[PDB]
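> no sequence on this one, just coordinates:
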RNA sequence: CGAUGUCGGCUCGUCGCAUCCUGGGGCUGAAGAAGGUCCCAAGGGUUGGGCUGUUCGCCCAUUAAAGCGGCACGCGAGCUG
RNA sequence: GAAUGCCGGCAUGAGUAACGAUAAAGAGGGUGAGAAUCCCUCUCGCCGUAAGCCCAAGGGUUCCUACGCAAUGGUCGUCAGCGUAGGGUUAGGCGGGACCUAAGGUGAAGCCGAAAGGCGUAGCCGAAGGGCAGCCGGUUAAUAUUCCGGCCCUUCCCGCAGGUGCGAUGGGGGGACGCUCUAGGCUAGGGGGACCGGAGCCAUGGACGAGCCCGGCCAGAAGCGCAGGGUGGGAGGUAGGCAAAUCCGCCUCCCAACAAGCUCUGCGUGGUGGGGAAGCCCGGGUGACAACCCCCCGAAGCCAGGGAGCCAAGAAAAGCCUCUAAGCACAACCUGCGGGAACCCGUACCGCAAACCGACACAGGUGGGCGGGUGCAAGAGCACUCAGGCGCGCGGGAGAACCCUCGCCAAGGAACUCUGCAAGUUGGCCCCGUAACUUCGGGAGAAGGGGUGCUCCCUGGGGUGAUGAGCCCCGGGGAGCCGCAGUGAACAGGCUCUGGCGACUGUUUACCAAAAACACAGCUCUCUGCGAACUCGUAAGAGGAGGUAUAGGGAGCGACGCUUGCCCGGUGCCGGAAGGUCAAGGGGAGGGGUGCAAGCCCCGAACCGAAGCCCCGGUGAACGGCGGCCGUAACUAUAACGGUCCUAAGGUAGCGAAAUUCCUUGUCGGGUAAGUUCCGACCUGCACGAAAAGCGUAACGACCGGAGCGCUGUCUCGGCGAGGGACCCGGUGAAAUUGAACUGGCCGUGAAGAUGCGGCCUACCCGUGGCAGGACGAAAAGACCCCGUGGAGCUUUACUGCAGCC
RNA sequence: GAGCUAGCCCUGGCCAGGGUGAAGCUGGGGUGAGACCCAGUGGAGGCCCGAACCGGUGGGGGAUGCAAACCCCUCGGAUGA
RNA sequence: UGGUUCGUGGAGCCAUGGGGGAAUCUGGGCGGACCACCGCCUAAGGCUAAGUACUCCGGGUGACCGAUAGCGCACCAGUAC
RNA sequence: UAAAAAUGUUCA
RNA sequence: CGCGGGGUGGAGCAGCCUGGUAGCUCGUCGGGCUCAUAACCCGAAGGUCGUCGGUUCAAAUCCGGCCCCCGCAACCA
RNA sequence: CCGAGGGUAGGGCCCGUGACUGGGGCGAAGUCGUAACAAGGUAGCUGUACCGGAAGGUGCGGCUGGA
RNA sequence: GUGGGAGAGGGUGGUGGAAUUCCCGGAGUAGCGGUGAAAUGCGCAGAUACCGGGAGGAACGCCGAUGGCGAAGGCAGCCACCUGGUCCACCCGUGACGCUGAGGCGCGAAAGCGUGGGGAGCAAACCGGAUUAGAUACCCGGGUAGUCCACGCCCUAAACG
Ligand SMILES: NC[C@@H]1O[C@H](O[C@H]2[C@@H](O)[C@H](O[C@@H]3[C@@H](O)[C@H](N)C[C@H](N)[C@H]3O[C@H]3O[C@H](CO)[C@@H](O)[C@H](O)[C@H]3N)O[C@@H]2CO)[C@H](N)[C@@H](O)[C@@H]1O
Ligand SMILES: [Mg+2]
Ligand SMILES: [Mg+2]
Ligand SMILES: [Mg+2]
Ligand SMILES: [Mg+2]
Ligand SMILES: [Mg+2]
Ligand SMILES: [Mg+2]
Ligand SMILES: [Mg+2]
Ligand SMILES: [Mg+2]
Ligand SMILES: [Mg+2]
Ligand SMILES: [Mg+2]
Ligand SMILES: [Mg+2]
Ligand SMILES: [Mg+2]
Ligand SMILES: [Mg+2]
Ligand SMILES: [Mg+2]
Ligand SMILES: [Mg+2]
Ligand SMILES: [Mg+2]
Ligand SMILES: [Mg+2]
Ligand SMILES: [Mg+2]
Ligand SMILES: [Mg+2]
Ligand SMILES: [Mg+2]
Ligand SMILES: [Mg+2]
Ligand SMILES: [Mg+2]
Ligand SMILES: [Mg+2]
Ligand SMILES: [Mg+2]
Ligand SMILES: [Mg+2]
Ligand SMILES: [Mg+2]
Ligand SMILES: [Mg+2]
Ligand SMILES: [Mg+2]
Ligand SMILES: [Mg+2]
Ligand SMILES: [Mg+2]
Ligand SMILES: [Mg+2]
Ligand SMILES: [Mg+2]
Ligand SMILES: [Mg+2]
Ligand SMILES: [Mg+2]
Ligand SMILES: [Mg+2]
Ligand SMILES: [Mg+2]
Ligand SMILES: [Mg+2]
Ligand SMILES: [Mg+2]
Ligand SMILES: [Mg+2]
Ligand SMILES: [Mg+2]
Ligand SMILES: [Mg+2]
Ligand SMILES: [Mg+2]
Ligand SMILES: [Mg+2]
Ligand SMILES: [Mg+2]
Ligand SMILES: [Mg+2]
Ligand SMILES: [Mg+2]
Ligand SMILES: [Mg+2]
Ligand SMILES: [Mg+2]
Ligand SMILES: [Mg+2]
Ligand SMILES: [Mg+2]
Ligand SMILES: [Mg+2]
Ligand SMILES: [Mg+2]
Ligand SMILES: [Mg+2]
Ligand SMILES: [Mg+2]
Ligand SMILES: [Mg+2]
Ligand SMILES: [Mg+2]
Ligand SMILES: [Mg+2]
Ligand SMILES: [Mg+2]
Ligand SMILES: [Mg+2]
Ligand SMILES: [Mg+2]
Ligand SMILES: [Mg+2]
Ligand SMILES: [Mg+2]
Ligand SMILES: [Mg+2]
Ligand SMILES: [Mg+2]
Ligand SMILES: [Mg+2]
Ligand SMILES: [Mg+2]
Ligand SMILES: [Mg+2]
Ligand SMILES: [Mg+2]
Ligand SMILES: [Mg+2]
Ligand SMILES: [Mg+2]
Ligand SMILES: [Mg+2]
Ligand SMILES: [Mg+2]
Ligand SMILES: [Mg+2]
Ligand SMILES: [Mg+2]
Ligand SMILES: [Mg+2]
Ligand SMILES: [Mg+2]
Ligand SMILES: [Mg+2]
Ligand SMILES: [Mg+2]
Ligand SMILES: [Mg+2]
Ligand SMILES: [Mg+2]
Ligand SMILES: [Mg+2]
Ligand SMILES: [Mg+2]
Ligand SMILES: [Mg+2]
Ligand SMILES: [Mg+2]
Ligand SMILES: [Mg+2]
Ligand SMILES: [Mg+2]
Ligand SMILES: [Mg+2]
Ligand SMILES: [Mg+2]
Ligand SMILES: [Mg+2]
Ligand SMILES: [Mg+2]
Ligand SMILES: [Mg+2]
Ligand SMILES: [Mg+2]
Ligand SMILES: [Mg+2]
Ligand SMILES: [Mg+2]
Ligand SMILES: [Mg+2]
Ligand SMILES: [Mg+2]
Ligand SMILES: [Mg+2]
Ligand SMILES: [Mg+2]
Ligand SMILES: [Mg+2]
Ligand SMILES: [Mg+2]
Ligand SMILES: [Mg+2]
Ligand SMILES: [Mg+2]
Ligand SMILES: [Mg+2]
Ligand SMILES: [Mg+2]
Ligand SMILES: [Mg+2]
Ligand SMILES: [Mg+2]
Ligand SMILES: [Mg+2]
Ligand SMILES: [Mg+2]
Ligand SMILES: [Mg+2]
Ligand SMILES: [Mg+2]
Ligand SMILES: [Mg+2]
Ligand SMILES: [Mg+2]
Ligand SMILES: [Mg+2]
Ligand SMILES: [Mg+2]
Ligand SMILES: [Mg+2]
Ligand SMILES: [Mg+2]
Ligand SMILES: [Mg+2]
Ligand SMILES: [Mg+2]
Ligand SMILES: [Mg+2]
Ligand SMILES: [Mg+2]
Ligand SMILES: [Mg+2]
Ligand SMILES: [Mg+2]
Ligand SMILES: [Mg+2]
Ligand SMILES: [Mg+2]
Ligand SMILES: [Mg+2]
Ligand SMILES: [Mg+2]
Ligand SMILES: [Mg+2]
Ligand SMILES: [Mg+2]
Ligand SMILES: [Mg+2]
Ligand SMILES: [Mg+2]
Ligand SMILES: [Mg+2]
Ligand SMILES: [Mg+2]
Ligand SMILES: [Mg+2]
Ligand SMILES: [Mg+2]
Ligand SMILES: [Mg+2]
Ligand SMILES: [Mg+2]
Ligand SMILES: [Mg+2]
Ligand SMILES: [Mg+2]
Ligand SMILES: [Mg+2]
Ligand SMILES: [Mg+2]
Ligand SMILES: [Mg+2]
Ligand SMILES: [Mg+2]
Ligand SMILES: [Mg+2]
Ligand SMILES: [Mg+2]
Ligand SMILES: [Mg+2]
Ligand SMILES: [Mg+2]
Ligand SMILES: [Mg+2]
Ligand SMILES: [Mg+2]
Ligand SMILES: [Mg+2]
Ligand SMILES: [Mg+2]
Ligand SMILES: [Mg+2]
Ligand SMILES: [Mg+2]
Ligand SMILES: [Mg+2]
Ligand SMILES: [Mg+2]
Ligand SMILES: [Mg+2]
Ligand SMILES: [Mg+2]
Ligand SMILES: [Mg+2]
Ligand SMILES: [Mg+2]
Ligand SMILES: [Mg+2]
Ligand SMILES: [Mg+2]
Ligand SMILES: [Mg+2]
Ligand SMILES: [Mg+2]
Ligand SMILES: [Mg+2]
């Protein structure tokens, strides 16, 4: 829905915030081996290796189950649906019947008190996670593994989803949320349905700060940076790049295709 | 106004310490000049 | 050039005469009153504003008149900047 | 003798500048060889969210005491943070270590690197974080929750008695936690009292007066009250806690639930211990066997992991409970009571400062805690002031110019000036009352006003009490009094109209620039399918991300509104399994050197040969680019229309002498007495123009421009006055500079602006206060300019490489 | 050499008192149900005044300084990038 | 690619990252491309004094200094600062 | 579902 | 002052570089189609190549001198 | 105490005027095309939308006031 | 009220095939395309034509009618769910409870606007090819908004019988 705010202060007239209904009932995270200390600094060993990171709300990590194929066929009651500050998406707290509880990325429509389960056995309904090969062609699914047994790595952003286009051999073919068209192993597991909280794309940070809250430091164009600093830098007072667009490292930044030509992954893709 | 030297005894031993020098191969190679030169202090004097 | 700090303003001036004013004077196509031109004469005077950083100008209101130049385009170990 | 040479010494300026914040001093006693400067006393002024107390860091004996003053003290010194000597820092419960983990460091394994070395698992190290047992008084010249007195705790080991399956570095629980706003009880703290306890006091007209003055506490186990925090009990099953568990987690069900009980803190009380003014008499006595009570205010602290709302969603490990495993149940833990045992390190003193950082007893810098009273609405603000600490280490006089800091000014009133720069007016609270414009929030504290003291009477609410007196806390209504004046002192905006640029809060050139610059939400392009792209690294590895296209990186543009046109010829990037070209390599026609030869050697043509370039197309919020000349309408003018040339296409919308207009103070219009600035227009726009965005835009702005009103020394035009210097006396006593000097004017001459040459004219010798024209005055071997086949940083379709990528 | 300065990481601390008055609630009105409009309560805010504190805007002093960036007056922000 | 005087040069020899890859003396390497004679020597394991270098230390000389010289230190200097 | 085709001064 | 571009029928442009030959489009003139006008069709005329010389046998063309045209530059203190 | 009016300040209604600018009416024989009235030589008109010297053109839907 | 009937009335979810375009695979050649005629364009880097396989969007042929429903705008594959209006018979029930309707409220083709998505075909603007004295038109080859969906606006029309 996104809340809006009355213009009683600018920066806060364009501001909007998440609809927080779908969550409630649980906001304190499930301590039980669920949070971890989350280490959190911009660079690597010494040097900053991603410009413009830092500051921004102290934040805790929810370890979430990304490969549901452990507790196979074990069913599980969804306890609630909460907020995870390490993702755009919502995560739901489920309780399996083992007693064992795990976090999982919470697809659209998933409502508290649902039974839900993983395996091939499983029925094609939201929140249930099957090996793609067992999933009915042209249904929407999410949190797809890529190479099987290597976990979920596709479709996990707020309101994204891959759809199936049909099989061919051991591989099924999915349109990823980018639109690309990847042959994917049927043995890859994937929980059905769209990731929801898709009103995300709709929110407006509004002020300079807010951004900071998420620890995104201010950013500076190449211009206004001296020539030593950057391609675009220099010139007596505001000047049209210079020809042509470049990263402060030297590479064309409009257009110049980047992936490895000779990569093996090529020949599974098509889009 | 806040000047350059702002003493801190922990920072002094940690930085120009002895165990401090001996780590780095450059630091060992300090002691050498120092000791060969006949300094009375191979290390900044700062007590606890 | 092992440096004589540059425009304009302000302060303080001083000197020249090819005198703007006042004082003399000869012509006049000088009736009178006004003027025109030239000669002698700086002794002393030679205003206040609007515009522009301006010197310079162009305006407003006056005035006997509202002179023109030199002094490292006088004057920053006096000020401004 | 010369190198702005090197070292040392000593001169000059100079008995000059200055003696480090304009908080301030005076006198009488002492001590002494001598003291405005040391000791004492009485006045006076200054600080008091302090220039006052308590810590932390740093310093490191500076602390105390006895002797001293040569030098250190910008003067003096009989003083000292100074010299000499001697004393002085006492803990099982405070802080740190024989406890824990954070970032990070190290690092058995393991991986990597010519070497030196670099990563890195477990582990260990690592703290103003978690954990953990002391409160109050007394003593010393100097130490103490460290000695002592009282009251109260903590662990270990051992012994005795009574209870229980005890038992791990392993399992689970717990520790455990954001921001903002608040509930109720207390406590710290504070204000009163006609009460209690006290030496004294009526002093100058009056008052023995419920008068004045001073003080009416602190700690304290068990037990008990009063506030709260934590908390459902069951019985079965169990595919989870890498199940070893009756523990946790899951289900299923007799009970119970804006509770009760158990339990843990806070506060009150408490056996009892301790403290106990003013004043007066020499730190001690006395004030005493002191009094040690009642009411009111009341926290930013305590009960606290309490509650509510919000999103950007908020440490870890140990101690601490609990569960079982090996093992052991003569073990062993658990609960009482006893005895014993309890180490190492810091305890001085300075601590917003003369004992720390600034070479100096440097008007600078320095984290945490307490920070009293009264009044001004409140408050850590302001004025005075407790306690407590200060008068800042050179003084005494004189009162000129001039300088600083400050007060007042007739008439005018920005006439000053680059600019009202500076200063002034305004200025708190309460109540009226407020426009265009607007994204409806704003613009507003718009503007423009009125009130603002004290006295008496009447009257409305609340908190504490008991609904009733006090005690505070918010009011409303009448009359009256005094002044030039009532936030009568101090701290508290000048206002408006209209342009430019940037939306806005924010950021920046530490030491000349805070802005129209950077950033900013938002907009678009582009890359990246995830051992992602990209970055760092020789690599291992790490960041990206314990993320995954509603995700990440790069680029530009910059809220929002309305929009963002045409050309891909060229450069770039994207797409083209045909072609041309192309390097090794394949291939070997054919040639050559040698040997008597088998042979061994050389070169070597077609042809087959990648990327790259060529070629073909695509692509502008990719780099970029978006013309000329001549003619034409029934007045003249102009040119809807036409002709022709060139281009890849030839600037559209919207702006326009504009932060862009040279000619230009373009030409009209407005404002003014007068306006090269400003505002509004026109528009041969020398050189606007659409995301290096275009045109607008409410609100914002220590931004830049124009105009009013109000008020003023800014000015006409100056004047008077205050203090701090300047001057005089005493004390201490520098500096740059300096070829030597017995260092006048003019007219000249001279390397072309002479004190030093010529002629002439003036001119007794020496200082003090002033002024600054000259000594081409000082200062920096000119920053500008040129030169040096001098040097750097930067750029690119300069050359040659290299990393990287193909 | 990051014991100054710039950034980031872990862990603590600090921000008097005022002034506006968002959403949510609660009540009343409205409608077929609504949207919605009124009061009261409520404390939102890179909100406002204003210390502390963080800055350093304009002017004056200072310029062998108290100081190798200081002092006076004035001024920006001050629950937030 | 390096080494040697050898900076591709007629460039061998000695090393050796990459590719191919023998034989044991009718076996192999060299004598500066390359063959033919004629000679030299024996690869792909290792050790080995002496003559050579330096002098922190001791000794002896000095057409060496004699305290702004001689070592930075003739002196409690690699100190004070 | 039809080919290429503009124009005609004023007043009666 | 500098550097470089251009004056060619009435209008706009070609022709000059490697001298002999001036071409395209429009206009203009005659003639057609129509009833007329345009349009269209058939025909033709029209140029001192800015100018003053000199090179050549020959110059729009190659060479210097001016006259107008148009652009670029004019900087540092 | 009211109190005519005067002064200060900020509003609202109206009239006149203003460089410049928008479109309109009207004025015998100016210029450019000819959109419309006969399938007016692309049937016409229409609401909207963009574009163009100009009538106008085209897209989308509609009418018939055409076939 | 009772009992029956016809209908593209509306909203929602699901679904079927034809055709167009593109991708892949196969086969096969030199032209395809388009027009009044041409050219632009496309194609021997292997197009057009034919076969197979896949994606995607929009619209729904035959029935379909001079038909039906709706208050209007408007409504046409098929299925199901939710839901409006309407006609008939039986003459049973209430007792004039009625008609109209300034305001108000609601709906309202197309184009257009906002936020997301989607994009096969078509197609304002725009480019090119022609046609013409000029063509910023008509015809041709391309082509972006838009056309489509959700939600929120606009709310006009020869919204005409
Ligand atoms: N009044 C009519 C409206 O205005 C215009 O009409 C005005 C003009 O267009 C029109 O001008 C015409 C012109 O159209 C036509 N082709 C040629 C004619 N000579 C002109 O005539 C006009 O000008 C001349 C003087 O030159 C006058 O004498 C004459 O009266 C006048 N009508 O004359 C009108 C002025 O009188 C619109 N064209 C018309 O469509 C519109 O409805
Ligand atoms: Mg490191
Ligand atoms: Mg930026
Ligand atoms: Mg710059
Ligand atoms: Mg570049
Ligand atoms: Mg560069
Ligand atoms: Mg520029
Ligand atoms: Mg550039
Ligand atoms: Mg320390
Ligand atoms: Mg010079
Ligand atoms: Mg000199
Ligand atoms: Mg004369
Ligand atoms: Mg001026
Ligand atoms: Mg003069
Ligand atoms: Mg001068
Ligand atoms: Mg000066
Ligand atoms: Mg001078
Ligand atoms: Mg001078
Ligand atoms: Mg000499
Ligand atoms: Mg000197
Ligand atoms: Mg000397
Ligand atoms: Mg002197
Ligand atoms: Mg003097
Ligand atoms: Mg003096
Ligand atoms: Mg005072
Ligand atoms: Mg005395
Ligand atoms: Mg005082
Ligand atoms: Mg210490
Ligand atoms: Mg002492
Ligand atoms: Mg003594
Ligand atoms: Mg002494
Ligand atoms: Mg002394
Ligand atoms: Mg001493
Ligand atoms: Mg540890
Ligand atoms: Mg390491
Ligand atoms: Mg600790
Ligand atoms: Mg602690
Ligand atoms: Mg003490
Ligand atoms: Mg004790
Ligand atoms: Mg057992
Ligand atoms: Mg047990
Ligand atoms: Mg544990
Ligand atoms: Mg409370
Ligand atoms: Mg207490
Ligand atoms: Mg009291
Ligand atoms: Mg009393
Ligand atoms: Mg009494
Ligand atoms: Mg008396
Ligand atoms: Mg107490
Ligand atoms: Mg209780
Ligand atoms: Mg239970
Ligand atoms: Mg086990
Ligand atoms: Mg007590
Ligand atoms: Mg006593
Ligand atoms: Mg020990
Ligand atoms: Mg102590
Ligand atoms: Mg102490
Ligand atoms: Mg302090
Ligand atoms: Mg002092
Ligand atoms: Mg100090
Ligand atoms: Mg000091
Ligand atoms: Mg401070
Ligand atoms: Mg106070
Ligand atoms: Mg106050
Ligand atoms: Mg104060
Ligand atoms: Mg002093
Ligand atoms: Mg005056
Ligand atoms: Mg007066
Ligand atoms: Mg003036
Ligand atoms: Mg003036
Ligand atoms: Mg107004
Ligand atoms: Mg305004
Ligand atoms: Mg205003
Ligand atoms: Mg700004
Ligand atoms: Mg702000
Ligand atoms: Mg600066
Ligand atoms: Mg500044
Ligand atoms: Mg600023
Ligand atoms: Mg900047
Ligand atoms: Mg925008
Ligand atoms: Mg990670
Ligand atoms: Mg993105
Ligand atoms: Mg991006
Ligand atoms: Mg910009
Ligand atoms: Mg192009
Ligand atoms: Mg290109
Ligand atoms: Mg191209
Ligand atoms: Mg290519
Ligand atoms: Mg070859
Ligand atoms: Mg190739
Ligand atoms: Mg034309
Ligand atoms: Mg203009
Ligand atoms: Mg002008
Ligand atoms: Mg311009
Ligand atoms: Mg004018
Ligand atoms: Mg203007
Ligand atoms: Mg521009
Ligand atoms: Mg553009
Ligand atoms: Mg641009
Ligand atoms: Mg801009
Ligand atoms: Mg603009
Ligand atoms: Mg600001
Ligand atoms: Mg500003
Ligand atoms: Mg004085
Ligand atoms: Mg003296
Ligand atoms: Mg001379
Ligand atoms: Mg002489
Ligand atoms: Mg002389
Ligand atoms: Mg003198
Ligand atoms: Mg002088
Ligand atoms: Mg002087
Ligand atoms: Mg000089
Ligand atoms: Mg020089
Ligand atoms: Mg230079
Ligand atoms: Mg050079
Ligand atoms: Mg730092
Ligand atoms: Mg209601
Ligand atoms: Mg409300
Ligand atoms: Mg604020
Ligand atoms: Mg503020
Ligand atoms: Mg302020
Ligand atoms: Mg202040
Ligand atoms: Mg700063
Ligand atoms: Mg100054
Ligand atoms: Mg000065
Ligand atoms: Mg301030
Ligand atoms: Mg070599
Ligand atoms: Mg080899
Ligand atoms: Mg040999
Ligand atoms: Mg040989
Ligand atoms: Mg040999
Ligand atoms: Mg050997
Ligand atoms: Mg001797
Ligand atoms: Mg020596
Ligand atoms: Mg001697
Ligand atoms: Mg020496
Ligand atoms: Mg005509
Ligand atoms: Mg006619
Ligand atoms: Mg007529
Ligand atoms: Mg020509
Ligand atoms: Mg011509
Ligand atoms: Mg000829
Ligand atoms: Mg003819
Ligand atoms: Mg210049
Ligand atoms: Mg009255
Ligand atoms: Mg006419
Ligand atoms: Mg038509
Ligand atoms: Mg027509
Ligand atoms: Mg027609
Ligand atoms: Mg018709
Ligand atoms: Mg239309
Ligand atoms: Mg138009
Ligand atoms: Mg068109
Ligand atoms: Mg139509
Ligand atoms: Mg094919
Ligand atoms: Mg029905
Ligand atoms: Mg529509
Ligand atoms: Mg539009
Ligand atoms: Mg749309
Ligand atoms: Mg088409
Ligand atoms: Mg025609
Ligand atoms: Mg078309
Ligand atoms: Mg509509
Ligand atoms: Mg009809």
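Yes, it's here. Numbers count the residues shown, from 1 in each chain, chains lettered A, B, ... in the order given. Ligands and ions are numbered 1, 2, ... in the order given.

> centre of the chain versus stretch B:25-32, how much separation?
Centroid separation for stretch B:25-32 versus its chain: 11 Å, with C-alpha atoms, centre = their mean, to the nearest Å.

> so who does the closest residue to residue A:14 other than its chain neighbours touch?
Spatially, and ignoring its direct neighbours in sequence, residue A:14 is nearest to residue A:206 (4.8 Å; C-beta to C-beta, 6 or more residues apart in numbering or on different chains). For every residue, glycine as well, the C-beta is placed using N, CA and C. Residue A:206 sits next to A:11, A:12, A:13, A:14, A:15, A:16 when contact means C-beta atoms under 8 Å, 6 or more residues apart in numbering or on different chains.

> what about 10 Å?
Taking C-beta atoms under 10 Å, 6 or more residues apart in numbering or on different chains as the contact definition, residue A:206 lies against A:5, A:10, A:11, A:12, A:13, A:14, A:15, A:16, A:17.

> distance of the residue sitting nearest the centre point of chain B from residue B:9?
The centroid of chain B falls nearest to residue B:16 when counting by C-alpha atoms, centre = their mean (2.7 Å). Separation of residue B:16 from residue B:9 (C-beta to C-beta, to the nearest Å) stands at 12 Å.

> before we move on, back to that, pull out the buried residues from the contacts of residue A:206.
Among these, those buried by neighbour count (16 or more other C-beta atoms under 10 Å in any protein chain shown) are A:15, A:16.

> Would you check which pair of the contacts of residue A:206 lies furthest apart?
A:10 and A:17 (16.4 Å; C-beta to C-beta).

> Could you name the helices and strands sitting against the longest helix along chain B?
Longest helix in chain B, counting residues (DSSP state H): helix B:25-37. Helix B:25-37 sits against helix B:18-23, with contacts defined as 3 or more C-beta pairs under 10 Å, 6 or more residues apart in numbering or on different chains; DSSP states H and E.

> Buried residues, the helix it packs on. List them.
Using 16+ other C-beta under 10 Å as the test for burial, helix B:18-23 gives residue B:21.

> helices and strands around it, which ones?
Contacts defined by 3+ C-beta pairs under 10 Å, 6+ apart place helix B:18-23 against helix B:9-16, helix B:25-37.

> Check the offset of it from the chain's centre.
Centroid separation for helix B:18-23 versus its chain: 8 Å, with C-alpha atoms, centre = their mean.

> Is the residue in the stretch 51-200 of chain A positioned nearest to RNA strand F inside a helix or a strand, and which specific one?
Closest residue of the stretch 51-200 of chain A to RNA strand F, C-beta to the nearest atom of the strand: residue A:147 (31.8 Å). Using DSSP states H and E, residue A:147 sits within no helix or strand.
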